[PDB]
Amino acid sequence: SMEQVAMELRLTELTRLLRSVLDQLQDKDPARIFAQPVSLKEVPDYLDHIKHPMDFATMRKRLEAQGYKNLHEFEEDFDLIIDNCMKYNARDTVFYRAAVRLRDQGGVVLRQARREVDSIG
């Protein structure tokens, strides 16, 4: 159906906008602290602590499979990156400190992306 194709064109366009958002958020992590999943070889107990791991690479795989239906879903995964880090690591650590900065810096990017998604439908 032509409806199914129009809905697909919207998913694709959302996917293009989210790829750009994702790039912008990841530039706010110049140390690549959140680039890849926490290693279970190196933190073998990690899943006893964190039930839903997240990282930018795993977001990116979901994104290119057009697995985000809306901004809310993408924001959920971004928030996991930050929240997981802020529970597992203590306040006085380079890791926690990097999440706070990502959170604060990403807030601006996310504010405008919400407006763009609303605006362009």
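Looking at region 37-121, what % of the alpha carbon pairs are farther apart than 21 Å? It would help to have the intermediate numbers written out before the result.
Numbers: 1316 of 3570 pairs.
Percent of Cα pairs beyond 21 Å in region 37-121: 37.
Give the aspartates and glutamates whose C-alpha is closer than 13 Å to that of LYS69, dropping any in the same chain fewer than 8 places away, or say none.
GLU8, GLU13, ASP77
Report the Cα centroid-to-centroid distance between region 59-121 and region 19-41 in angstrom, as an integer.
After rounding, the separation between the Cα centres reads 10 Å.
Identify all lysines with a Cα-Cα distance to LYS87 below 24 Å; exclude those on the same chain that are fewer than 8 residues away in sequence.
Reachable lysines: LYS28, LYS41, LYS51.
Here, each number is a calculation from the coordinates, and none is a lab measurement.
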